[PDB]
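S.K.: Here's a structure for you.
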Amino acid sequence: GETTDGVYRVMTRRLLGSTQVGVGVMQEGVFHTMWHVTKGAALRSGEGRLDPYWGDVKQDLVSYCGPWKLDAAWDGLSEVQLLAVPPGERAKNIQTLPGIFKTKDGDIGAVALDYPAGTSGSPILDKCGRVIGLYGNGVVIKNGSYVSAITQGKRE
Amino acid sequence: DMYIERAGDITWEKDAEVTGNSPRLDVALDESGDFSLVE
Ligand SMILES: Cn1ncc2c(C(=O)Nc3ccc4c(c3)CNC4)cc(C3CC3)nc21
């Protein structure tokens, strides 16, 4: 099917009409998304099939057709860009300065933007346009809002 | 059965909408990859 580099919508026809369950990045013949979007199920791209290659429920990441290729990371200083791909709406870049998720295993980036759960998998970019992580896994704060972490995989 | 559709190129766009705050949150990650606020 289509394996051109870029950002893609993850849809399903299992419910009423076509519903967007998430987003993903195609880079170097590998489609990268969040595990909670596809649950490790095979994906379709026209007549072609995309089979899972790597996945981890704790990291909440999954790769298709090959190993994880995205290796860039937030510098802890600069403003990033969430390339948001919302259900039924056109892709839109939103520049923001991330906060920090402080954990027992180290600090991670965190973008505080408000989008439907179906926006999960949309890439977060650095000034060079490099994917420094995926948007869609985080926490609910005091005002009911969602704050997502910047989730990156490991390149071997 | 899930399927993918192209939604565009991945590039940084200058003069984009600049919004969102930067909060520092003490969190915990469980075995299921689910985050939770620590207090
Ligand atoms: C506003 N809002 N409310 C909920 C959500 C979620 C969400 O449920 N993520 C999720 C679900 C299941 C699992 C994991 C994450 C990881 N383990 C399994 C995602 C987003 C993304 C746009 C930010 N917004 C949400």
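Residue numbers start at 1 in each chain; chains themselves are named A, B, ... in the order of the structure tokens; ligands are numbered from 1 in the order shown.
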Enumerate as an NGL selection string the residues within 7 Å of ligand 1, counting only C-alpha atoms and all ligand atoms.

M.R.: (:A and (36 or 57 or 60 or 114-120 or 135-138 or 145-146 or 148)) or (:B and (32-34))

S.K.: Once you count only C-alpha atoms, what closest atom pair and distance in Å to one decimal does each residue of chain A within 8 Å of chain B have, with rows by chain and rising residue number, as CSV?

M.R.:
residue,atom,partner,partner_atom,distance
A:5,CA,B:9,CA,7.2
A:6,CA,B:9,CA,4.6
A:7,CA,B:7,CA,5.5
A:8,CA,B:6,CA,4.4
A:9,CA,B:5,CA,5.2
A:10,CA,B:4,CA,4.8
A:11,CA,B:3,CA,5.4
A:12,CA,B:2,CA,4.5
A:13,CA,B:1,CA,6.9
A:14,CA,B:1,CA,6.8
A:38,CA,B:2,CA,7.6
A:41,CA,B:2,CA,7.9
A:42,CA,B:2,CA,7.4
A:43,CA,B:3,CA,5.2
A:44,CA,B:3,CA,4.3
A:45,CA,B:4,CA,5.5
A:46,CA,B:3,CA,7.8
A:57,CA,B:33,CA,5.6
A:58,CA,B:33,CA,3.7
A:59,CA,B:33,CA,6.0
A:60,CA,B:33,CA,5.9
A:81,CA,B:12,CA,6.8
A:83,CA,B:10,CA,7.6
A:85,CA,B:7,CA,7.2
A:90,CA,B:7,CA,7.5
A:91,CA,B:7,CA,6.4
A:93,CA,B:16,CA,6.1
A:94,CA,B:17,CA,5.2
A:95,CA,B:18,CA,4.7
A:96,CA,B:19,CA,5.6
A:97,CA,B:22,CA,5.9
A:98,CA,B:22,CA,4.9
A:99,CA,B:22,CA,3.8
A:100,CA,B:24,CA,4.7
A:101,CA,B:25,CA,5.0
A:102,CA,B:26,CA,4.7
A:103,CA,B:27,CA,5.4
A:104,CA,B:28,CA,7.3
A:110,CA,B:22,CA,7.5
A:111,CA,B:22,CA,7.1
A:112,CA,B:20,CA,5.4
A:113,CA,B:20,CA,5.5
A:125,CA,B:12,CA,6.8
A:126,CA,B:12,CA,7.3
A:127,CA,B:12,CA,6.0
A:128,CA,B:12,CA,6.7
A:129,CA,B:11,CA,4.7
A:130,CA,B:11,CA,7.9
A:137,CA,B:34,CA,7.5
A:138,CA,B:35,CA,5.7
A:139,CA,B:35,CA,5.8
A:141,CA,B:37,CA,7.9

S.K.: Rounded to one decimal, what separation in Å do you get between CA of residue 70 in chain A and CA of residue 132 in chain A?

M.R.: 7.3 Å
